[PDB]
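> Experimental structure and sequence below, a few questions after.
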Amino acid sequence: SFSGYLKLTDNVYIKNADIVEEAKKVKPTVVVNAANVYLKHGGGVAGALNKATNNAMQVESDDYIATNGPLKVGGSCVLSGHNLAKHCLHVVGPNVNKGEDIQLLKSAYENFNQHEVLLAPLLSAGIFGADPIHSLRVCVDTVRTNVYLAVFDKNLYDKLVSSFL
Ligand SMILES: CC(C)c1ncc(Cl)c(C(N)=O)n1
C-alpha cells in the first residue's frame, strides 16, 4: 500500500513525492486531480496527471464537459484513473489567482469524504494561489476518510510538517 508517509492525524498522511510517480507506483483506488471547472488539464498537478495518461484524461474530460457542462468551484466528478489509478476524483478547489472565494476550499475537501482512501494533492495550492499551510489545515479539519497527501516541493513539505499544529 502507501509507503514513506508521515502520519499527521488519525486519517491524514503526508509525503514529499511527485503525485504522478506515486500514482504509477501505488495505482490507488482514487487519485485526486487539482481540476478546474472546465476540466482543462493544462498545468500544475492537472497538467502533470494528464500528461502521464498520454492525454487520455483530457479526451475523457472533454467528452464529460460536452455532456454535462462545467463543474462548480468546490465540486467534483469521478472519472477514469487511466494508467494512474482505478478512478480519478477531479476536485475543483478555489483558484485565488482567478479571484475565487477561498471559503470554498472546505466544500472542495468535503468531496474526499465520499472515498475511503485517496492519494491527493493539497487543494488550491501551487498555481491555484492559496496558502498550502491553510490548505493542509482545512484538509485535516474536513476530511474524515484516509487521505495520503503528496507534496511535490521538498521545501514546502518541510515547511508544512514543521509548522503542523
Ligand atoms: C449522471 C452522471 C453524468 C454524473 N453526474 C454527476 C457526477 Cl459528479 C458524475 C461523476 N462522473 O462523478 N456523473
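Okay, I see it. Numbers count the residues shown, from 1 in each chain.

> Could you use CA atoms for every contact and neighbour count after this?
Fine.

> ranges for the helices of this protein?
19-26, 44-52, 56-68, 105-110, 132-142, 154-163 (DSSP state H).

> Could you point out which of those helices sits nearest residue 85?
For residue 85, the closest of the helices of the chain is helix 19-26, at 6.3 Å, according to CA to CA.

> Now do the closest one and helix 44-52, the angle between them.
50 degrees (axes from the mean of the first three to the mean of the last three CA atoms, to 10 degrees).

> Mind listing what's buried along helix 19-26?
19-20, 22-23 (16 or more other CA atoms under 10 Å).

> Nearest to residue 55, out of these: which one, please.
Of all those, residue 55 sits closest to residue 20, with 13.7 Å by CA to CA.

> which residues touch the closest residue in space to the closest one that isn't next to it in sequence?
Spatial nearest neighbour of residue 20, excluding adjacent residues (CA to CA, 6 or more residues apart in numbering): residue 49 at 5.9 Å. Each residue near residue 49 by CA atoms under 8 Å, 6 or more residues apart in numbering is listed here: 19-20, 33, 57.

> In contact with the residue sitting furthest away from the middle of the chain: list those residues for me.
Distance to the chain centre peaks in the chain at residue 67, reaching 23.4 Å (criterion: CA atoms, centre = their mean). With CA under 8 Å, 6+ apart as the criterion, no residue contacts residue 67.

> Say whether the ligand is contacted by stretch 48-66.
No: counting by CA under 6 Å from any ligand atom, the ligand has no neighbours in stretch 48-66; the shortest distance is 7.5 Å.

> Please identify the buried residues of that stretch?
For stretch 48-66, a neighbour-count test (16+ other CA under 10 Å) marks 48-53, 55-58, 61-62, 64 as buried.

> That one: how far from the chain's middle?
Its chain's C-alpha centre and that of stretch 48-66 lie 15 Å apart, by CA atoms, centre = their mean, to the nearest Å.

> Stretch 61-81 too?
Worked out by CA atoms, centre = their mean, stretch 61-81 lies 15 Å from the chain centre.

> Could you tell me the end-to-end distance of that stretch?
By CA to CA, to the nearest Å, the extent of stretch 61-81 from end to end equals 11 Å.
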